[PDB]
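Trainee: To start, I am sharing the structure in question, which I have written as structure tokens.
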Amino acid sequence: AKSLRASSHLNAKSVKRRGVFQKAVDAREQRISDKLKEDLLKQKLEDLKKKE
Amino acid sequence: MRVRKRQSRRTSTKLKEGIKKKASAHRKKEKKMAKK
Amino acid sequence: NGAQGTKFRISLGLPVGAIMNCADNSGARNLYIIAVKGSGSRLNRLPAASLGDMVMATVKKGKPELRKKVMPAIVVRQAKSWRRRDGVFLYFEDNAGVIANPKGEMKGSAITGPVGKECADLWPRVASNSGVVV
Amino acid sequence: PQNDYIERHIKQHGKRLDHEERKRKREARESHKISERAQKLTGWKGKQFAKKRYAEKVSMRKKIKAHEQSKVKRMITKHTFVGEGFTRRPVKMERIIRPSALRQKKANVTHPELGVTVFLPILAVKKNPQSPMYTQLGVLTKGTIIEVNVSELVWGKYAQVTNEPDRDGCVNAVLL
Amino acid sequence: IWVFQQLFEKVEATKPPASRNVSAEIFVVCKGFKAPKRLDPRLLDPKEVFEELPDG
Amino acid sequence: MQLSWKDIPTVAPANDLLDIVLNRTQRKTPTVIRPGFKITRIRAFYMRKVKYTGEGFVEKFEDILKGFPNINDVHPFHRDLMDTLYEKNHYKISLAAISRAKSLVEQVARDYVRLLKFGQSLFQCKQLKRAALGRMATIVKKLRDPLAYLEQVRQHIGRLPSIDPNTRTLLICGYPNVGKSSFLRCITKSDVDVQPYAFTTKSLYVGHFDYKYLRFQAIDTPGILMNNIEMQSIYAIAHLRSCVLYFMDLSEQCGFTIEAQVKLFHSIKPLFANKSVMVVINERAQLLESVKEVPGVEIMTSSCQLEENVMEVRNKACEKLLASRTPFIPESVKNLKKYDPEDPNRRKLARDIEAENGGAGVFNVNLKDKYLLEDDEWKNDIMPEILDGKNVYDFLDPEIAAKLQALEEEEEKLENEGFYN
RNA sequence: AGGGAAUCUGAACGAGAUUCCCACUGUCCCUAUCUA
RNA sequence: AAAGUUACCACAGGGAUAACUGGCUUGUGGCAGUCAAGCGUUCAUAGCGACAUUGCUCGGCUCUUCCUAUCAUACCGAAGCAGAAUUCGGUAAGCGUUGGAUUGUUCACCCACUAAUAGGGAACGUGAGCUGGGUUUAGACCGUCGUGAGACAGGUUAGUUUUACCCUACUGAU
RNA sequence: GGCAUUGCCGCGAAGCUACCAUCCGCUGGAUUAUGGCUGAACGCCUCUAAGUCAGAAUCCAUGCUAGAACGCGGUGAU
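Protein chains in written order, with PDB author numbering: chain z, 2 to 53; chain s, 1 to 36; chain V, 4 to 137; chain r, 2 to 74, 149 to 228, 238 to 260; chain w, 170 to 225; chain b, 1 to 225, 232 to 288, 301 to 342, 374 to 470.
This is how it looks when you write it as structure tokens:
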């Protein structure tokens with residue numbers, strides 16, 4: 002059996018990682034950072050609750 | 001790679017003195033063989 | 004040989020030296036396991052079969068025609084609690100297996116009692132000679 | 002797979018595009034790679050390479066020289156022979172154990188005057204030097220004169245042994 | 170031992186000394202032979218010999 | 001064994017054979033012992049090496065002996081076919097030399113181990129071991145000629161065709177370069193040269209075809225004018247349960263007289279007299307009727323340029339060789386066209402769907418969008434299946450609103466009565 | 001009111017011995033837990 | 001009359017040493033001849049002579065670590081290597097190297113499974129991690145009775161390193 | 001309920017636990033054999049001599065574990 006550090010399998014997995022396999026992670030990251038940006042505005046509204 | 005075992009260059013005193021006895025043995029043979 | 008598609012792990016209930024019943028109408032009533040084909044290898048561990056695994060097994064109580072020759076045997080009933088992917092853990096009443104050639108083709112014409120879901124999935128011709136599945 | 006499945010393929014499609022370039026450059030590299038192997042190859046592979054390469058030089062000397070010449074025109152741990160009257164023979168050999176493995180019956184004798192070797196059975200052990208005990212035991216150490224059976228067949241009945249059968253396999257003798 | 174008993178005169182089992190003592194050997198002798206003119210054909214064949222006794 | 005022999009372990013040329021067996025005994029056995037050890041370990045060391053080299057040569061020799069087909073025990077066609085292609089006496093001389101050499105090596109090993117249990121020094125023991133393996137080497141050095149022969153026979157028998165003497169066969173004969181190469185070329189898939197000279201073909205080429213649901217094999221032959235190539239053809243005629251298709255060139259071509267074909271046909275007549283002969287033509303016309311004087315012959319005129327008469331010759335050959374309530378069908382199926390694989394204009398299957406969507410094991414098939422519903426807006430089904438300890442499917446029926454309202458009537462019939470106080 | 005059947009040994013035997021057949025068990029596969 | 005001889009030599013006595021890696025060890029035998037690079041004190045006819053070649057022929061249970069001389073797994077080269085399967089060879093020690101019946105002296109092997117069930121070291125590795133079967137009432141000295149041939153339950157004797165609430169490695173902890 | 005050298009029996013939480021249960025166990029450079037490029041030595045050639053690309057389960061890293069109690073750092077507290 003091919004090892005975990007078998008050179009050809011590492012290169013085949015690098016063929017994967019430049020396709021769909023990274024793009025889904027690079028969409029998920031944008032959705033996570035979006036909700037992180039959404040988390041500032043809620044807390045800023047609770048700043049303006051006291052500021053009222 | 002897995003670098004294999006290296007031979008020593010330390011000649012032990014038993015080796016070194018045994019070398020001298022083997023050398024002098026080769027002399028005594030060569031002096032006899034010279035006569036024939 | 005013979006097994007269709009992939010094979011997934013279910014618990015091992017039938018080691019080497021276990022007497023299971025015979026389920027087909029070939030002639031044999033029981034079966035004695037001697038070796039398990041396609042098993043792991045530890046130190047001191049016996050080869051243990053499960054449901055739907057081809058073992059090499061001898062007839063102990065049956066027709067003399069089916070004896071004199073050690074032959075492949077696919078286990079159809081386990082009686083040890085294995086797990087299905089649909090939530091439940093299940094087990095049968097007794098250990099039973101059916102005799103076949105190395106190709107996976109059945110000698111008998113019908114299999115009595117329930118046949119396991121996993122065994123009938125992996126072996127097509129067992130499901131061909133099946134009366135009851137599950 | 003019919004008969005000549007690659008020869009017909011050559012005779013219809015060719016070898017390669019670069020089959021002649023690869024071959025010619027490889028044969029031109031082999032002049033270097035002989036020397037690149039001779040200065041590498043540590044160990045047993047070096048000794049085997051040196052022996053094969055010495056052989057490949059002497060054979061070439063023979064080709065060139067022949068062309069130039071055709072241009073013009149207690150138990151004993153030594154090997155013994157025991158005669159066929161073994162069953163109750165030792166009168167004077169109380170505890171002189173001679174095992175059956177060490178008994179060689181047919182000496183590999185060569186003829187001097189005609190360079191032919193006849194593998195013949197030993198009849199009698201005559202005169203072993205070093206020990207006159209060994210003459211009576213039948214020991215076949217180097218220098219022993221033995222009697223040779225000429226049943227299979238000018239010939240001399242006696243042969244003097246030349247090898248040390250304790251070391252090598254057989255007994256090797258030369259006729260007198 | 171039964172088919173021996175009905176095809177011979179006196180059937181005696183031994184396993185003598187100078188056997189292994191651990192091995193499951195029997196040397197059974199069957200002295201005296203009937204030599205019948207009518208031999209039962211279904212008897213001597215191994216298909217009917219090892220026909221197992223029914224349950225209790 | 002049966003028809004063909006490709007599966008033979010290779011034959012080393014007796015110098016390399018030594019370099020395999022002797023190197024393996026150097027690598028696989030322990031190699032380092034002091035002179036200062038006990039004599040018992042020195043003995044056991046060299047005994048282990050003599051024996052292991054013994055098993056080495058014997059293993060390689062046994063592979064040769066069991067590997068090659070036992071010539072006089074196989075089959076009468078193959079016994080004689082190998083006898084034509086190879087000097088049968090020398091083929092048995094070579095294998096006899098290997099069978100001799102194996103017994104020799106066995107004798108050597110058994111000798112020197114027995115001689116070895118009496119060694120007194122490491123030197124004596126070493127000299128005896130060197131004596132043993134050197135003696136084995138001398139035996140194998142005497143095998144440089146038969147093993148060189150055995151490699152060539154291994155290579156050439158490995159490429160020989162597999163004829164079946166029990167299937168329906170038909171020999172294809174005639175003078176060398178009549179045009180019978182074009183016949184087997186245009187009857188089956190087998191590449192046989194029609195090169196304009198005498199002995200183009202050098203062996204028995206085989207072509208398989210199927211007619212009347214049966215396996216047939218037509219055997220092309222080099223031709224008869232005696233040679234090893236020529237006698238191969240004649241013994242193929244003699245030993246095969248077959249019919250012979252003798253081909254004639256009634257033309258300027260071939261470079262041989264038709265009268266010589268007549269002379270050869272009537273000369274070789276005895277050994278194909280039992281085979282029910284067919285003759286195909288690819301004072302003067304009267305001497306074709308001289309050929310017709312044979313008990314079992316038929317004459318046919320054909321052209322290889324057209325593909326109908328070549329098939330008709332086959333039809334007559336195979337014919338000679340054999341003697342020797375209403376169903377429900379929906380109109381949506383009847384009106385439907387056939388699936389042409391090389392059509393630019395047809396429906397795309399799921400096979401092409403998964404390729405266009407990318408990959409075999411990566412595409413997930415949508416079970417939805419393929420089932421029939423009243424509204425295709427609710428195609429993407431959720432279906433709860435469980436609500437609070439009790440599964441939905443057990444509660445699920447049509448007219449549950451009317452059935453609920455029946456139970457609502459059964460509410461008010463118990464509401465005013467006074468069960469809830 | 002633990003079996004059973006043979007055999008070796010001095011027909012049942014005797015906690016004689018051996019072998020087999022049937023039953024049983026953590027001896028083991030493969031250990032896990034509790035108490036003193 | 002008895003005498004010569006003894007390495008045919010059998011028993012008692014006196015001498016002389018045995019048994020120290022001086023890099024050990026591995027795969028290709030030996031004897032005789034055929035060539036034959038040279039050297040022989042000149043030099044082939046003072047002789048030695050390599051590779052070839054020709055003659056017939058004490059065992060086994062369990063763990064740790066190491067070696068490669070690798071059985072499998074990884075990548076290669078050669079091979080009539082159509083495909084599959086395989087044979088030889090190279091790099092390669094990263095990781096693997098199974099379960100039962102086996103006791104006239106096992107210094108044998110059976111029958112499967114497995115990708116494969118590779119070979120060795122840790123000088124008395126692993127008998128003060130241990131058992132399964134062998135000496136005969138087995139060491140040494142002295143005596144008594146004895147033709148060549150052995151006994152005597154004579155008589156005197158020796159058989160100390162094993163425990164360390166040492167030492168320190170190793171694990172873990174302040 | 002006292003008590004039974006835990007008198008005996010059934011079930012059994014918590015805890016502990018089993019391939020008798022379940023989950024999880026990686027990706028970049030440098031190379032070996034080898035295959036090559038340009039190219040000398042040597043007015044051909046030549047994978048190597050100066051250079052140079054690829055290439056093993058190999059190596060070194062990434063990752064994974066401990067943290068030097070006499071290695072260091074930043075930060076809070078008067």
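Positions of the beta carbon are idealized from the N, C-alpha and C atoms, including for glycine.
Assuming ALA335(b) contacts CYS249(b) under a Cβ cut-off of 8 Å, what Cβ separation, rounded to an integer in Å, is found between them?
Mentor: Indexing the sixth sequence from 1 puts residue 335(b) at position 317. Indexing the sixth sequence from 1 puts residue 249(b) at position 243. About 6 Å separates the two Cβ atoms, so the contact holds.
Trainee: Starting from the beta carbon of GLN127(b), find every residue of chain r whose beta carbon is closer than 7 Å, and list them in chain order.
Mentor: Position 127 of the sixth sequence, counted from the first residue, corresponds to residue 127(b). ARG251 and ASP252, listed in chain order.
Trainee: Can you tell me which of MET59(V), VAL58(V), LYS64(V) and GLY55(V) puts its alpha carbon nearest to the alpha carbon of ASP224(w)?
Mentor: Along the fifth sequence, read from residue 1 onward, the residue named residue 224(w) stands at position 55. Taking only the C-alpha atoms, the option nearest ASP224(w) is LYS64(V).
Trainee: Identify which residue in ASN28(V), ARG128(V), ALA99(V) and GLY41(V) has its Cα closest to the Cα of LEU54(V).
Mentor: For the purposes of this step, residue 54(V) is taken as residue 51 along the third sequence, with counting starting at 1. Among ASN28(V), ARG128(V), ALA99(V) and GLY41(V), the Cα nearest to that of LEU54(V) belongs to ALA99(V).
Trainee: Give me the subset of the stretch 180-198 of chain r whose CB atoms are less than 8 Å from a CB atom of chain b, sorted by chain position.
Mentor: Listed by position along the chain: nothing, the set is empty.
Trainee: Using the beta-carbon count (16 or more within 10 Å), is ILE102(V) buried or exposed?
Mentor: The sequence position of residue 102(V) within the third sequence is 99, counting from 1. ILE102(V) is buried by the Cβ-count criterion.
Trainee: Could you tell me which of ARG27(r), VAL193(r) and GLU159(r) sits nearest to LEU228(r), measuring between CA atoms?
Mentor: Here the question's residue 228(r) lines up with position 153 in the fourth sequence. The option with the nearest alpha carbon to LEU228(r) is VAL193(r).
Trainee: Within its chain, find whatever has a CB closer than 6 Å to the CB of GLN238(b); leave out the 5 residues flanking it on each side and keep chain order.
Mentor: As a working mapping, residue 238(b) is identified with position 232 in the sixth sequence. Cβ within range, chain order: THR84.
Trainee: List, in order along the chain, the chain r residues whose C-beta lies closer than 7 Å to that of residue 471(b)?
Mentor: Shown here, chain b extends from 1 to 470; a query on residue 471(b) therefore has no answer.
Trainee: Based on the DSSP secondary-structure assignment, which residues constitute the bridge partners of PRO75(V)?
Mentor: Residue numbering aside, residue 75(V) sits at position 72 when the third sequence is read from its first letter. DSSP, once it has assigned bridges, lists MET59(V) as partnering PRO75(V).
Trainee: Checking 8 Å against the spacing of the C-beta atoms, do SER29(V) and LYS110(V) come in under that value?
Mentor: Here residue 29(V) corresponds to residue number 26 of the third sequence, with the count starting at 1. Here residue 110(V) corresponds to residue number 107 of the third sequence, with the count starting at 1. Yes.
Trainee: Pull up the CB-CB distance for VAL218(w) and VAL180(w), whole angstroms please, since I reckon it's below 8 Å.
Mentor: Counting from 1 along the fifth sequence, the entry for residue 218(w) is found at position 49. Counting from 1 along the fifth sequence, the entry for residue 180(w) is found at position 11. Not confirmed; about 15 Å, so no contact.
Trainee: Could you tell me if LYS180(b) is buried or exposed, where buried requires 16 or more neighbouring beta carbons within 10 angstroms of its beta carbon?
Mentor: Indexing the sixth sequence from 1 puts residue 180(b) at position 180. Buried.
Trainee: Does the separation of the CB atoms of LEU128(b) and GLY134(b) fall below 8 Å?
Mentor: Indexing the sixth sequence from 1 puts residue 128(b) at position 128. Indexing the sixth sequence from 1 puts residue 134(b) at position 134. Their beta carbons are not under 8 Å apart, which means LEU128(b) does not touch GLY134(b) by this criterion.
Trainee: Counting only the same chain and skipping the five closest in sequence on each side, list residues whose C-beta sits under 7 Å from that of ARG48(b).
Mentor: For the purposes of this step, residue 48(b) is taken as residue 48 along the sixth sequence, with counting starting at 1. These residues qualify, in order along the chain: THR29.
Trainee: Is DSSP giving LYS189(b) helix, strand or coil here?
Mentor: As a first step, residue 189(b) must be located in the sixth sequence, where it is residue number 189. Three-state result, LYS189(b): coil.
Trainee: Quick check: the Cα distance between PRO187(r) and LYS72(r), rounded to an integer number of angstroms?
Mentor: Locating residue 187(r) in the fourth sequence gives position 112, counting from the first residue. Locating residue 72(r) in the fourth sequence gives position 71, counting from the first residue. The alpha-carbon atoms of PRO187(r) and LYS72(r) are separated by roughly 35 Å.
Trainee: Can you grab the Cα-Cα spacing for the pair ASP418(b) / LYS397(b), in whole Å?
Mentor: In the sixth sequence, counting from the first residue as 1, residue 418(b) sits at position 369. In the sixth sequence, counting from the first residue as 1, residue 397(b) sits at position 348. In a straight line, the C-alpha of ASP418(b) is about 16 Å away from that of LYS397(b).
Trainee: Cβ of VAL39(V) within 8 Å of Cβ of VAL79(V)?
Mentor: In the third sequence, the residue the question calls residue 39(V) occupies position 36. In the third sequence, the residue the question calls residue 79(V) occupies position 76. For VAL39(V) and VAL79(V), no; Cβs fall outside 8 Å.
Trainee: Which term fits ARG154(b), buried or exposed, when burial requires 16 or more other beta carbons within 10 angstroms of its beta carbon?
Mentor: Locating residue 154(b) in the sixth sequence gives position 154, counting from the first residue. The residue is buried, with at least 16 neighbouring Cβ atoms inside 10 Å.
Trainee: On the three-state DSSP scale, how would you describe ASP389(b)?
Mentor: For the purposes of this step, residue 389(b) is taken as residue 340 along the sixth sequence, with counting starting at 1. Correct three-state label for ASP389(b): coil.
Trainee: Going straight from the alpha carbon of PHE377(b) to that of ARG400(b), what length do you get?
Mentor: As a working mapping, residue 377(b) is identified with position 328 in the sixth sequence. As a working mapping, residue 400(b) is identified with position 351 in the sixth sequence. Rounded to whole angstroms, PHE377(b) to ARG400(b) spans 29 Å at the Cα level.
Trainee: Mark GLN70(r) as exposed unless 16 or more other C-beta atoms lie within 10 angstroms of its C-beta, in which case mark it buried.
Mentor: By 1-based counting over the fourth sequence, the position of residue 70(r) is 69. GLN70(r) is exposed by the Cβ-count criterion.
Trainee: If we ignore side chains and look at the alpha-carbon of each, how far apart do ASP80(b) and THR263(b) end up?
Mentor: In the sixth sequence, the residue the question calls residue 80(b) occupies position 80. In the sixth sequence, the residue the question calls residue 263(b) occupies position 257. Cα to Cα, the separation comes out at about 31 Å.
Trainee: Anyone know if the C-beta pair for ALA182(r) and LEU115(b) falls short of 8 Å?
Mentor: Taking the first residue of the fourth sequence as position 1, residue 182(r) is located at position 107. Taking the first residue of the sixth sequence as position 1, residue 115(b) is located at position 115. Not closer than 8 Å, so no.
Trainee: Suppose the cutoff is 7 Å on Cβ atoms and the five residues either side in sequence are ignored; what does the same chain contact list for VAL441(b) look like?
Mentor: Counting from one through the sixth sequence, the residue named residue 441(b) turns up at place 392. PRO433, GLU434 and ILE435.
Trainee: List the residues of chain b that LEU212(r) touches, going by C-beta distances under 9 Å, in chain order.
Mentor: Position 137 of the fourth sequence, counted from the first residue, corresponds to residue 212(r). None at all; the shortest Cβ gap to chain b is about 14 Å.
Trainee: I'd like to know if the stretch 183-197 of chain b and the stretch 240-248 of chain b are in contact, where contact means that at least 3 CB-CB pairs between them fall below 8 Å.
Mentor: No, they do not touch.
Trainee: Starting from the beta carbon of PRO215(w), find every residue of chain V whose beta carbon is closer than 9 Å, and list them in chain order.
Mentor: Reading the fifth sequence from its first residue, position 46 is the one you call residue 215(w). Correct list: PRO67.
Trainee: With DSSP as the reference, please indicate the residues paired to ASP27(V) in a beta bridge.
Mentor: Along the third sequence, one-based indexing puts residue 27(V) at 24. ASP27(V) is bridged to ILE114(V).
Trainee: Buried or exposed: which applies to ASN413(b), given that a residue is buried once 16 or more other Cβ atoms fall within 10 Å of its Cβ?
Mentor: Here residue 413(b) corresponds to residue number 364 of the sixth sequence, with the count starting at 1. The residue in question, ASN413(b), is exposed, as its Cβ has fewer than 16 Cβ neighbours within 10 Å.
Trainee: By the DSSP assignment, the alpha helix (DSSP H) with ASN327(b) in it spans what residues?
Mentor: As a first step, residue 327(b) must be located in the sixth sequence, where it is residue number 309. Segment 327-341, the alpha helix (DSSP H) holding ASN327(b).
Trainee: Chain r partners of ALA132(b), CB-CB under 7 Å?
Mentor: By one-based count along the sixth sequence, residue 132(b) stands at place 132. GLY253, listed in chain order.
Trainee: Measuring only the C-alpha atoms, how far is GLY223(b) from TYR197(b)?
Mentor: Stepping through the sixth sequence from its first residue, residue 223(b) is reached at position 223. Stepping through the sixth sequence from its first residue, residue 197(b) is reached at position 197. Computed Cα separation, rounded: 12 Å.
Trainee: When DSSP labels each residue in this structure, what does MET284(b) get in the three-state scheme?
Mentor: Residue mapping note: residue 284(b) aligns to position 278 of the sixth sequence, counting from 1. Residue state, collapsed to three classes: strand.
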